[PDB]
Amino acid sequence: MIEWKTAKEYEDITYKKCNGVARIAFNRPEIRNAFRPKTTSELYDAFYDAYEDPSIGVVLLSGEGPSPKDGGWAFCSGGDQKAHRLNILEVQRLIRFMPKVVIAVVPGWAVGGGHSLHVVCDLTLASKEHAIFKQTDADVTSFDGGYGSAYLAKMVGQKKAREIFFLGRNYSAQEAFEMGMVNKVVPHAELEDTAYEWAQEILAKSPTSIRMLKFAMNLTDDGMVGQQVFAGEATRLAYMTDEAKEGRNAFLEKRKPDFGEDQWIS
């Protein structure tokens, strides 16, 4: 079994770590893991901790369950329509920009804002038997006009993204795999174990490659922000060079740098 260690106690979510993997999970299954403002604040807190922890290279975002009421399963049913407060867009940006791979692990309903959270994650694994993808934004006069819709079109195409939002129908794990927004359909009993196995495959890679590749694939859609993030990681690589040591040292010693000869390579 996976030897999870609780990282912090929360009211609406769980947060655990094991061998380079952090798992953040919605923990209100009695109401199908809808988020209220308290939930979003805790999500931000846990994701920010994972962002700052250099031992963590992969974050799993999942849902606990099943519901004690009807035995049903949920990833996240979106905004608790009953309800500065940290909002879900700041959480989306933290997922997007952090130099860690974020995997949505979907055991059940992924609805509305819960659907858009799955979309912005780098990868999605979904329960064969119980994942249901559904967009209710247009039912309640809301809309995720950013990562939930326009970015959804970057994985399922523009026709299917429009269908998802305009009709608000349900889609199975297999249907979502066939359209391009689920990476793998996994038998429910194996979903969490398989998510951890995927995470460990990533954690065996070059961390520099993983960071640079995440940020390259963000860059094509994220404009100047994506450029800022990708270029910032490149600045980090330049800083490690002997050329950078000379640049800094010459500045500190108040002398002209000598960067060498025949350096204008191609």
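Residue indices: 1-based, along the sequence shown.
A chain break between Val140 and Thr141 is not present, all residues of the deposited sequence in that interval being modelled. Of the two segments examined, 70 to 78 and 144 to 152, it is 70 to 78 that shows the higher average Cα temperature factor in the deposited entry.
Comparing 186 to 194 with 89 to 97, the stretch with the higher mean C-alpha B-factor in the PDB entry is 186 to 194. The PDB entry assigns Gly226 a C-alpha temperature factor belonging to the lowest third of its chain's modelled residues. When the CA B factors of the chain's modelled residues are split into thirds, the value for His84 lands in the highest one. Placement of the Cα temperature factor of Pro207 within the chain: lowest third of the modelled residues, per the deposited record. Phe215: CA B factor in the lowest third of modelled residues in this chain (values from the PDB entry).
Among all modelled residues in its chain, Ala50 ranks in the middle third by Cα B-factor.
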